[PDB]
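First the structure, in the form of structure tokens, and then the observations on it.
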Amino acid sequence: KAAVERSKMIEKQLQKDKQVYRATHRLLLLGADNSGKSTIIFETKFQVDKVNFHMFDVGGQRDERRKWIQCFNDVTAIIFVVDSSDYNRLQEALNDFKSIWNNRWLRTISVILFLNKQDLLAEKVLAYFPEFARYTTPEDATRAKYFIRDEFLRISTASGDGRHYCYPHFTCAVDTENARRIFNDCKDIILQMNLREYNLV
Amino acid sequence: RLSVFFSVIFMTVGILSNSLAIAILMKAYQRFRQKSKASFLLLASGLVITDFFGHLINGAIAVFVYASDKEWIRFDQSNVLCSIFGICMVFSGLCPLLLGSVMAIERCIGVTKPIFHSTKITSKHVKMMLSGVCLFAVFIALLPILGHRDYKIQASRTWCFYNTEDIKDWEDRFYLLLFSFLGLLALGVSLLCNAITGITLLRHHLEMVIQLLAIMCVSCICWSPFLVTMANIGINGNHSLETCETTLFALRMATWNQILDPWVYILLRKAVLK
Amino acid sequence: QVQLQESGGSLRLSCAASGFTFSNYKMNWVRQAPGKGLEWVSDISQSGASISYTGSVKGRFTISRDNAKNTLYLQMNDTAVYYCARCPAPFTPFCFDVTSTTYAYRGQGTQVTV
Amino acid sequence: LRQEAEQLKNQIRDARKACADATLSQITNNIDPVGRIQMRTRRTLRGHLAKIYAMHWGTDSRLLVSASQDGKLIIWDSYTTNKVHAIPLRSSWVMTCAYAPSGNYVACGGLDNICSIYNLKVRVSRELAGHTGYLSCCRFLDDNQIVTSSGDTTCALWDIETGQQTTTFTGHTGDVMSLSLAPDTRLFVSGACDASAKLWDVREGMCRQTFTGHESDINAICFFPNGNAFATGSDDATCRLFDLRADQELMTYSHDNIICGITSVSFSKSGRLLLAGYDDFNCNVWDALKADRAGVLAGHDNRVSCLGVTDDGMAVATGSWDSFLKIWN
Amino acid sequence: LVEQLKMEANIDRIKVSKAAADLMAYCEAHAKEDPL
Ligand SMILES: CCCCC[C@](C)(O)/C=C/[C@@H]1[C@@H](C/C=C\CCCC(=O)O)[C@@H](O)C[C@H]1O
């Protein structure tokens with residue numbers, strides 16, 4: 001029977017494509033038009049340590065996005081870019097992050113949070129959120145930038161414990177280390193997934 | 001001070017534990033299989049299936065031997081039953097050790113190098129290595145039969161294993177040394193890989209470390225006396241060695257290792273216990 | 001037919017809801033300022049649980065919901081058109097597209113000039 | 001203008017209320033209830049690398065097609081389980097796939113805003129590009145005409161030979177998620193993300209009636225076998241039946257134990273059974289006339305994304321996010 | 001939207017009893033050849 005032969009050939013090709021599919025990591029790039037997403041459907045393919053990353057930027061539809069977002073359920077990570085320089089739209093970015101974080105179909109996806117345009121924020125600070133006055137910088141490395149980071153981290157840690165994680169980063173328009181950061185957080189995400197599997201979580 | 005009860009209780013406990021582990025593993029394998037390759041789940045499934053089958057077959061043969069009033073003469077004219085029982089014993093002893101070492105290696109790779117583990121291992125390799133481990137255990141079990149010698153009846157007159165209570169040629173000592181060396185190598189590989197994984201995690205982390213420590217302790221404690229006794233017997237000619245009093249105790253400890261494998265591997269997780 | 005009617009323009013903005021089970025959804029208050037876009041003011045869950053406010057009105061505005069009366073109240077004490085918006089689906093703690101240029105489950109709004 | 005629209009809506013509601021003298025449940029009270037339906041899984045089609053997003057039965061009742069997240073379009077033989085075709089897609093964000101009634105063509109589309117049409121005689125034969133939103137559904141009229149719906153709140157009728165929009169259908173205020181063709185192929189129904197459904201005349205190109213009974217977005221729409229009614233599934237965990245002649249909702253299929261949306265609906269050959277796939281990984285079979293859950297289809301490890309009933313009514317195919325297609329009888 | 005509402009309101013409607021009766025008639029007539 002030639003039908004069985006054709007099916008076997010198709011299955012062999014499907015196994016090859018299974019190897020190719022599993023050997024690739026896919027990322028969803030999100031952020032407002034204010035932020036510098038491009039500088040960080042458009043498809044960007046890059047390689048870190050002989051590892052392939054495919055990042056998708058969906059900008060061909062309307063602002064109603066509660067239906068086509070479900071297409072990215074099994075994405076490896078969501079790279080969320082935020083303009084920390086503009087305080088006017090900072091609350092919009094916070095609401096966007098909260099909606100992305102608490103979505104039912106994105107509740108198992110980790111977010112790499114980029115706080116872009118840190119040079120503009122530094123310039124603006126040197127010569128909206130009333131809680132900033134009653135704020136003290138943490139015992140972290142080297143106030144406004146860490147205040148914004150903590151504003152995002154409060155939403156991140158409010159819900160979704162152990163299922164997905166947020167990885168904040170401070171970024172400039174001329175930063176060349178974003179790919180390495182993405183690689184490292186993706187490695188941590190894979191480690192967390194393995195740990196959750198080993199414990200039957 | 002020997003009775004068929006020991007065998008009966010060991011059979012029942014092992015079978016029940018492994019069946020519970022099998023059901024839990026099937027459900028978890030479906031759930032985690034629609035997310036990635038569940039290599040650890042596949043290896044654990046193989047381990048529990050092997051443990052269940054070994055428990056069933058060896059306990060059935062032991063109960064049949066006990067019920068025959070130890071009359072080993074007038075039921076095996078050609079000693080075919082003794083050879084089959086020895087093959088089953090060797091396979092059911094070797095397979096859990098090699099399997100545990102394999103899962104230790106796989107988890108060490110998946111923890112220390114998660115990107116490589118996810119992108120350059122695949123599930124065909126996992127299935128191939130599981131089948132290869134099982135086939136290697138089968139081949140080592142069959143090797144004395146594939147040669148010239150045959151499995152003898154042990155001093156307790158209730159199980160068949162290598163020729164130990166006799167000053168035989170170099171073949172018996174070689175077989176005992178091979179079994180002991182394989183078991184000790186599996187124990188050492190498992191210890192090293194689990195220690196590396198725990199050190200990496202220390203420097204879901206706490207539960208992983210706890211289960212790694214439990215696996216190491218249980219495996220070492222329950223499998224070291226038997227391997228040490230077998231190596232001592234093989235190196236010497238039983239002139240300076242132990243007797244059936246301690247060999248039976250070591251065999252019981254190994255049986256308890258095979259019993260406790262599903263608990264320290266699958267059944268003691270917080271999600272499973274809920 | 002899902003209907004949301006806003007009334008009011010210190011103020012006591014009200015929103016009467018019909019065409020859906022009010023005590024199953026998370027409600028929001030949004031505004032559109034002149035020459036600007038739609039901005040999220042406040043948010044209340046389906047059972048009087050955790051309430052969120054925007055920074056510009058934090059501590060100054062309040063939100064409430066009467067499930068039995070199926071009404072949404074906003075007590076205020078800038079000039080904009082205020083809308084009461086509904087989460088797209090019930091039993092979900094996230095309103096996704098409430099501040100969209102064309103949202104189906106948002107009211108007609110009421111003008112407020114200060 | 002708002003006052004006039006409100007007055008017209010009130011007049012329409014009053015006319016509907018006056019028209020409704022009896023209820024469907026009251027009429028179907030003396031008929032024998034359908035017994036406990038226990039459909040078993042006869043086939044399980046494996047080979048998709050990720051979630052299955054859509055499927056469509058062929059008119060020959062034997063071959064079907066399915067679209068997957070990994071950008072694959074696989075045509076299966078339901079009887080022998082053998083795979084007939086495997087088509088790679090340029091874009092891996094497909095949302096819908098269709099089978100031609102002749103069986104010579106297969107369509108698909110998704111986030112690329114394109115309807116790709118492949119000739120099975122397998123390479124692409126046509127690429128329809130006029131939509132400004134994601135392509136949610138597509139149904140063949142014949143080898144030359146196709147009806148599509150997209151997330152830009154419009155539907156379209158395309159002449160495949162020329163690749164141009166013969167007709168456009170406007171009026172939905174939300175993204176259109178599903179469409180269903182009438183058996184006569186002269187009318188069709190569409191459900192969108194505004195809790196409303198619309199009946200469109202293909203030839204004229206104008207909206208005939210609008211049905212507003214649901215509370216949330218409508219994800220699935222199916223047409224009654226005789227073409228005088230249709231069923232819709234939505235995100236408010238309910239299914240509804242609407243009659244074209246009465247221009248109103250007839251029955252509601254829901255229970256106070258389902259808190260998940262409906263992703264797919266379908267009708268049996270006689271129309272007595274309504275099959276609906278849910279996000280809770282299971283499918284429910286309802287008695288259409290009595291609005292009673294006649295049975296449950298369980299066995300999918302993830303939410304049921306697509307559901308279809310064969311042209312001769314001899315099988316039900318369900319595809320889920322668990323990367324499997326199951327045939328039930 | 002007003003013109004569409006007028007067009008939708010300018011049509012005739014059949015009583016719900018007749019629609020239910022026809023649905024029952026079709027289902028009962030075609031239930032003989034329904035494999036499910
Ligand atoms: C090197 C082999 C290690 C055994 C591991 C195994 C097979 O997985 C567990 C096995 C028990 C089996 C022991 C066979 C005979 C025992 C002697 C009779 C005696 O003790 O007097 C039955 O006894 C019931 C099983 O639990």
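Letters for chains follow the order of the structure tokens (A, B, ...), residue numbers begin at 1 for each chain, and ligand numbers begin at 1 in the order shown.
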Would you list the residues that come within 6 Å of ligand 1? Count only C-alpha atoms and all ligand atoms and give the answer as a PyMOL selection string.
chain B and resi 7+10-11+51+54-55+58-59+62+89-90+92-93+158-159+251+254-255+258
Would you list the contacts of residue 274 of chain B as a list in words, taking every protein, DNA or RNA residue within 12 Å and counting only C-alpha atoms, but skipping same-chain residues closer than 4 positions in sequence?
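Listing them by chain and then by number gives residues 200 and 201 of chain A; 24, 267, 268, 269 and 270 of chain B.
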Next, write the just-selected residues to a file, as a short mmCIF file (atom, residue, chain, number, x, y, z; two decimals), in the first residue's frame, keeping N, CA, C and O atoms as the atom set.
data_model
loop_
_atom_site.label_atom_id
_atom_site.label_comp_id
_atom_site.auth_asym_id
_atom_site.auth_seq_id
_atom_site.Cartn_x
_atom_site.Cartn_y
_atom_site.Cartn_z
N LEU A 200 7.37 17.63 40.11
CA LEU A 200 5.97 17.41 39.74
C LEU A 200 5.08 18.56 40.20
O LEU A 200 3.93 18.36 40.62
N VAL A 201 5.61 19.77 40.13
CA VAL A 201 4.88 20.96 40.55
C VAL A 201 3.81 21.32 39.52
O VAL A 201 2.63 21.00 39.70
N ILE B 24 0.59 7.73 39.03
CA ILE B 24 0.96 9.14 39.18
C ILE B 24 1.85 9.57 38.02
O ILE B 24 1.70 10.68 37.48
N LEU B 267 6.81 9.60 44.94
CA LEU B 267 5.66 9.69 45.83
C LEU B 267 5.85 10.65 47.00
O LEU B 267 4.86 10.97 47.67
N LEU B 268 7.06 11.13 47.26
CA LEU B 268 7.30 11.99 48.42
C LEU B 268 7.29 13.48 48.07
O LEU B 268 7.63 14.30 48.93
N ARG B 269 6.92 13.84 46.85
CA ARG B 269 6.83 15.25 46.49
C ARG B 269 5.60 15.88 47.12
O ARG B 269 4.60 15.21 47.39
N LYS B 270 5.68 17.20 47.36
CA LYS B 270 4.59 17.90 48.02
C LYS B 270 3.30 17.83 47.20
O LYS B 270 2.22 17.61 47.76
#
Point-to-point distance from atom CA of residue 32 of chain D to atom CA of residue 230 of chain D, Å rounded to tenths:
22.9 Å
Taking only C-alpha atoms into account, produce a table as a tab-separated table in which each residue of chain E with an atom at most 6 Å from an atom of chain D appears once, together with its shortest atom pair and the distance in Å to one decimal, ordered by chain and rising number.
residue	atom	partner	partner_atom	distance
E:2	CA	D:5	CA	5.5
E:8	CA	D:209	CA	5.7
E:9	CA	D:12	CA	5.8
E:13	CA	D:246	CA	5.1
E:14	CA	D:246	CA	4.8
E:15	CA	D:19	CA	5.3
E:16	CA	D:20	CA	5.3
E:17	CA	D:22	CA	5.6
E:20	CA	D:24	CA	5.5
E:27	CA	D:270	CA	5.3
E:30	CA	D:270	CA	5.0
E:31	CA	D:270	CA	5.4
E:34	CA	D:269	CA	5.7
E:35	CA	D:314	CA	5.4
Those residues you just picked out, can you put them in a file as a PDB file, in the first residue's frame with N, CA and C atoms?
ATOM      1  N   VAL E   2     -28.323  54.057  12.274  1.00  0.00           N
ATOM      2  CA  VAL E   2     -29.761  54.306  12.289  1.00  0.00           C
ATOM      3  C   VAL E   2     -30.432  53.651  11.087  1.00  0.00           C
ATOM      4  N   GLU E   8     -33.493  46.652   9.816  1.00  0.00           N
ATOM      5  CA  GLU E   8     -33.749  45.480  10.646  1.00  0.00           C
ATOM      6  C   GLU E   8     -35.147  45.509  11.249  1.00  0.00           C
ATOM      7  N   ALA E   9     -35.669  46.696  11.555  1.00  0.00           N
ATOM      8  CA  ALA E   9     -37.013  46.813  12.105  1.00  0.00           C
ATOM      9  C   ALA E   9     -38.100  46.730  11.043  1.00  0.00           C
ATOM     10  N   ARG E  13     -41.835  39.010  11.232  1.00  0.00           N
ATOM     11  CA  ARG E  13     -41.379  37.971  12.143  1.00  0.00           C
ATOM     12  C   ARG E  13     -42.442  36.892  12.292  1.00  0.00           C
ATOM     13  N   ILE E  14     -41.993  35.641  12.345  1.00  0.00           N
ATOM     14  CA  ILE E  14     -42.857  34.480  12.532  1.00  0.00           C
ATOM     15  C   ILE E  14     -42.891  34.140  14.013  1.00  0.00           C
ATOM     16  N   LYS E  15     -44.064  33.741  14.503  1.00  0.00           N
ATOM     17  CA  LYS E  15     -44.234  33.466  15.924  1.00  0.00           C
ATOM     18  C   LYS E  15     -43.286  32.362  16.382  1.00  0.00           C
ATOM     19  N   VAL E  16     -42.860  32.459  17.644  1.00  0.00           N
ATOM     20  CA  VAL E  16     -41.880  31.522  18.190  1.00  0.00           C
ATOM     21  C   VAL E  16     -42.427  30.101  18.195  1.00  0.00           C
ATOM     22  N   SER E  17     -43.740  29.948  18.385  1.00  0.00           N
ATOM     23  CA  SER E  17     -44.339  28.619  18.382  1.00  0.00           C
ATOM     24  C   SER E  17     -44.120  27.918  17.048  1.00  0.00           C
ATOM     25  N   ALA E  20     -40.389  26.814  16.782  1.00  0.00           N
ATOM     26  CA  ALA E  20     -40.147  25.626  17.592  1.00  0.00           C
ATOM     27  C   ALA E  20     -40.788  24.394  16.969  1.00  0.00           C
ATOM     28  N   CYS E  27     -36.195  17.749  13.387  1.00  0.00           N
ATOM     29  CA  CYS E  27     -35.426  16.830  14.219  1.00  0.00           C
ATOM     30  C   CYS E  27     -36.070  15.450  14.262  1.00  0.00           C
ATOM     31  N   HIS E  30     -35.713  13.623  10.830  1.00  0.00           N
ATOM     32  CA  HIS E  30     -34.372  13.222  10.429  1.00  0.00           C
ATOM     33  C   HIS E  30     -33.622  12.439  11.498  1.00  0.00           C
ATOM     34  N   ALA E  31     -34.233  12.194  12.661  1.00  0.00           N
ATOM     35  CA  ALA E  31     -33.569  11.397  13.687  1.00  0.00           C
ATOM     36  C   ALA E  31     -33.395   9.939  13.287  1.00  0.00           C
ATOM     37  N   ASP E  34     -29.641   9.527  11.875  1.00  0.00           N
ATOM     38  CA  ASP E  34     -28.596  10.220  12.620  1.00  0.00           C
ATOM     39  C   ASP E  34     -27.736   9.191  13.339  1.00  0.00           C
ATOM     40  N   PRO E  35     -26.514   8.924  12.872  1.00  0.00           N
ATOM     41  CA  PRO E  35     -25.695   7.877  13.506  1.00  0.00           C
ATOM     42  C   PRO E  35     -25.347   8.150  14.958  1.00  0.00           C
TER      43      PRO E  35
END
Report as number ranges by chain all protein, DNA and RNA residues lying within 8 Å of residue 3 of chain C, evaluated on only C-alpha atoms, omitting residues in the same chain fewer than 4 positions from it.
C: 17-19, 105, 107
Enumerate, as a PyMOL selection string, the complete set of residues in segment 33-141 of chain D that a backbone-based DSSP assignment places in strand (DSSP E).
chain D and resi 41-45+52-57+63-68+72-77+83-88+94-99+105-110+115-119+124-128+135-140
Show me, as a ChimeraX atom specification, every residue of chain B with an atom at most 10 Å from chain A, counting only C-alpha atoms.
/B:24-25,28-29,31-33,35-41,107,110-124,204-205,207-208,211,265-272
Which residues of chain A come within 6 Å of chain C, and for each one, what is the closest pair of atoms and their distance in Å to one decimal, counting only C-alpha atoms, sorted by chain and residue number, as CSV?
residue,atom,partner,partner_atom,distance
A:64,CA,C:97,CA,5.8
A:99,CA,C:94,CA,5.7
A:128,CA,C:55,CA,5.8
A:129,CA,C:55,CA,5.5
Specify as a tab-separated table (two decimals) with N, CA, C and O atoms, in the first residue's frame all residues of chain D found within 6 Å of chain C, counting only C-alpha atoms.
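Wrote out.tsv, looks like this:
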chain	number	residue	atom	x	y	z
D	194	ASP	N	-18.36	41.62	19.96
D	194	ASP	CA	-19.22	42.68	20.47
D	194	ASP	C	-20.51	42.10	21.05
D	194	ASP	O	-21.48	42.85	21.24
D	212	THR	N	-28.60	39.83	19.40
D	212	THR	CA	-27.83	40.27	20.56
D	212	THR	C	-28.42	39.62	21.80
D	212	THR	O	-29.29	40.18	22.46
D	215	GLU	N	-23.57	37.72	26.39
D	215	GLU	CA	-23.03	38.72	27.30
D	215	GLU	C	-21.58	39.10	27.01
D	215	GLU	O	-21.14	40.17	27.43
Which residue out of D:211, D:310, D:287, D:78 has the minimum interatomic distance to residue 5 of chain E when only C-alpha atoms are used?
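Nearest candidate to residue 5 of chain E out of D:211, D:310, D:287, D:78: D:211.
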At a cut-off of 12 Å, list the chain D residues touching chain B, using only C-alpha atoms, as an mmCIF file with N, CA and C atoms, in the first residue's frame.
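Full text of selection_2.cif as output:
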data_model
loop_
_atom_site.group_PDB
_atom_site.id
_atom_site.type_symbol
_atom_site.label_atom_id
_atom_site.label_comp_id
_atom_site.auth_asym_id
_atom_site.auth_seq_id
_atom_site.Cartn_x
_atom_site.Cartn_y
_atom_site.Cartn_z
ATOM 1 N N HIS D 48 1.155 16.356 15.088
ATOM 2 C CA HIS D 48 1.332 17.793 15.237
ATOM 3 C C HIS D 48 2.270 18.084 16.401
ATOM 4 N N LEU D 49 3.187 19.027 16.189
ATOM 5 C CA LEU D 49 4.229 19.314 17.165
ATOM 6 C C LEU D 49 3.777 20.248 18.278
ATOM 7 N N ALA D 50 2.644 20.922 18.125
ATOM 8 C CA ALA D 50 2.201 21.898 19.112
ATOM 9 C C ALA D 50 0.677 21.934 19.099
ATOM 10 N N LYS D 51 0.104 22.983 19.688
ATOM 11 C CA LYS D 51 -1.345 23.103 19.782
ATOM 12 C C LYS D 51 -1.995 23.098 18.406
ATOM 13 N N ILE D 52 -3.136 22.428 18.316
ATOM 14 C CA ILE D 52 -3.947 22.421 17.107
ATOM 15 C C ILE D 52 -4.967 23.544 17.213
ATOM 16 N N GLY D 299 -11.128 13.293 27.567
ATOM 17 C CA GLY D 299 -9.957 12.594 27.079
ATOM 18 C C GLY D 299 -8.914 13.489 26.444
ATOM 19 N N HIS D 300 -9.127 14.799 26.496
ATOM 20 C CA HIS D 300 -8.159 15.769 26.006
ATOM 21 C C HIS D 300 -7.443 16.401 27.192
ATOM 22 N N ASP D 301 -6.115 16.465 27.115
ATOM 23 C CA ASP D 301 -5.303 16.974 28.213
ATOM 24 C C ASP D 301 -5.195 18.492 28.222
ATOM 25 N N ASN D 302 -5.772 19.172 27.235
ATOM 26 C CA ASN D 302 -5.790 20.626 27.198
ATOM 27 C C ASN D 302 -7.113 21.069 26.590
ATOM 28 N N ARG D 303 -7.311 22.384 26.523
ATOM 29 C CA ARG D 303 -8.592 22.920 26.084
ATOM 30 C C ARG D 303 -8.880 22.529 24.642
ATOM 31 N N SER D 320 -7.490 19.689 20.190
ATOM 32 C CA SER D 320 -7.213 20.413 21.420
ATOM 33 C C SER D 320 -5.792 20.960 21.393
ATOM 34 N N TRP D 321 -5.463 21.728 22.431
ATOM 35 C CA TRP D 321 -4.119 22.254 22.614
ATOM 36 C C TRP D 321 -3.123 21.181 23.029
ATOM 37 N N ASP D 322 -3.589 19.964 23.306
ATOM 38 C CA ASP D 322 -2.734 18.825 23.609
ATOM 39 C C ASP D 322 -2.115 18.197 22.364
ATOM 40 N N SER D 323 -2.200 18.868 21.214
ATOM 41 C CA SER D 323 -1.575 18.453 19.960
ATOM 42 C C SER D 323 -2.162 17.167 19.391
ATOM 43 N N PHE D 324 -3.408 16.837 19.723
ATOM 44 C CA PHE D 324 -4.023 15.601 19.266
ATOM 45 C C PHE D 324 -5.383 15.879 18.646
#
Per-residue nearest contacts of chain D to chain A (6 Å; only C-alpha atoms) as CSV:
residue,atom,partner,partner_atom,distance
D:82,CA,A:7,CA,5.5
D:83,CA,A:7,CA,4.8
D:133,CA,A:61,CA,5.0
Could you take the residues named above and write them with N, CA and C atoms, as a CSV table (one decimal), in the first residue's frame?
chain,number,residue,atom,x,y,z
D,82,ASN,N,-3.8,7.1,8.3
D,82,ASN,CA,-2.6,7.5,7.5
D,82,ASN,C,-2.7,9.0,7.2
D,83,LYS,N,-1.5,9.7,7.1
D,83,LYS,CA,-1.4,11.1,6.8
D,83,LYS,C,-1.4,11.2,5.3
D,133,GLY,N,-6.6,43.1,9.5
D,133,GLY,CA,-6.6,42.4,10.8
D,133,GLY,C,-6.4,40.9,10.6
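Here atom CA of residue 85 of chain D is placed at a distance of 24.1 Å from atom CA of residue 113 of chain D.
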Taking the DSSP secondary structure from the backbone, can you list the residues of segment 29-96 of chain A that are alpha helix (DSSP H), as a VMD selection string?
chain A and resid 90 to 96
Could those selected residues go to a file with N, CA, C and O atoms, as a CSV table (one decimal), in the first residue's frame?
chain,number,residue,atom,x,y,z
A,90,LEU,N,3.9,56.4,32.3
A,90,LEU,CA,4.4,55.4,33.1
A,90,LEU,C,3.3,54.5,33.7
A,90,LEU,O,3.4,53.3,33.8
A,91,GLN,N,2.2,55.1,34.1
A,91,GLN,CA,1.0,54.4,34.6
A,91,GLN,C,0.4,53.5,33.5
A,91,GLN,O,-0.1,52.4,33.8
A,92,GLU,N,0.4,54.0,32.3
A,92,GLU,CA,-0.1,53.1,31.2
A,92,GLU,C,0.8,51.9,31.0
A,92,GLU,O,0.3,50.8,30.8
A,93,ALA,N,2.1,52.1,31.1
A,93,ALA,CA,3.0,50.9,31.1
A,93,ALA,C,2.8,50.0,32.2
A,93,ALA,O,2.8,48.8,32.1
A,94,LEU,N,2.5,50.5,33.4
A,94,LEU,CA,2.3,49.7,34.6
A,94,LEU,C,1.0,48.9,34.4
A,94,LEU,O,1.0,47.7,34.7
A,95,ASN,N,-0.1,49.5,33.9
A,95,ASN,CA,-1.3,48.8,33.6
A,95,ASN,C,-1.1,47.7,32.5
A,95,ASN,O,-1.7,46.6,32.6
A,96,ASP,N,-0.4,48.0,31.5
A,96,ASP,CA,-0.1,47.1,30.5
A,96,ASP,C,0.7,45.9,31.0
A,96,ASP,O,0.3,44.7,30.7
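Close contacts of residue 50 of chain C, defined as residues with an atom at most 12 Å away when counting only C-alpha atoms, with chain neighbours fewer than 3 positions off set aside, comprise residues 158 of chain A; 26, 27, 42, 43, 44, 45, 46, 47, 53, 63, 64 and 93 of chain C.
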Save out the residues we just selected, N, CA and C atoms, as a JSON list (two decimals), in the first residue's frame.
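Output saved as out.json:
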[["chain", "number", "residue", "atom", "x", "y", "z"],
["A", 158, "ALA", "N", 3.05, 40.41, 43.36],
["A", 158, "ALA", "CA", 1.73, 40.35, 43.96],
["A", 158, "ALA", "C", 1.05, 39.01, 43.71],
["C", 26, "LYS", "N", -15.52, 42.50, 36.61],
["C", 26, "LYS", "CA", -14.69, 43.52, 37.22],
["C", 26, "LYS", "C", -14.90, 44.84, 36.49],
["C", 27, "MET", "N", -15.24, 45.88, 37.23],
["C", 27, "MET", "CA", -15.61, 47.16, 36.64],
["C", 27, "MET", "C", -14.44, 48.14, 36.72],
["C", 42, "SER", "N", -9.79, 54.15, 37.72],
["C", 42, "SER", "CA", -9.96, 53.28, 38.87],
["C", 42, "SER", "C", -10.47, 51.92, 38.42],
["C", 43, "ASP", "N", -10.45, 50.98, 39.36],
["C", 43, "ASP", "CA", -10.79, 49.59, 39.08],
["C", 43, "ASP", "C", -11.30, 48.94, 40.36],
["C", 44, "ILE", "N", -12.40, 48.20, 40.25],
["C", 44, "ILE", "CA", -12.95, 47.46, 41.37],
["C", 44, "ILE", "C", -13.32, 46.07, 40.89],
["C", 45, "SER", "N", -13.08, 45.07, 41.74],
["C", 45, "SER", "CA", -13.31, 43.68, 41.39],
["C", 45, "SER", "C", -14.80, 43.36, 41.53],
["C", 46, "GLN", "N", -15.14, 42.07, 41.45],
["C", 46, "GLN", "CA", -16.52, 41.62, 41.40],
["C", 46, "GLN", "C", -17.15, 41.41, 42.77],
["C", 47, "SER", "N", -16.39, 41.58, 43.86],
["C", 47, "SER", "CA", -16.93, 41.30, 45.18],
["C", 47, "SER", "C", -16.49, 42.34, 46.20],
["C", 53, "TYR", "N", -6.35, 52.39, 42.10],
["C", 53, "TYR", "CA", -6.53, 53.76, 41.63],
["C", 53, "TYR", "C", -5.30, 54.19, 40.85],
["C", 63, "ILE", "N", -14.34, 54.43, 44.64],
["C", 63, "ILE", "CA", -15.18, 53.64, 43.75],
["C", 63, "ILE", "C", -15.95, 52.62, 44.58],
["C", 64, "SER", "N", -17.19, 52.35, 44.17],
["C", 64, "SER", "CA", -18.03, 51.37, 44.83],
["C", 64, "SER", "C", -18.92, 50.71, 43.80],
["C", 93, "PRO", "N", -9.55, 38.29, 36.71],
["C", 93, "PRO", "CA", -9.03, 39.47, 37.41],
["C", 93, "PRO", "C", -8.12, 40.33, 36.54]]
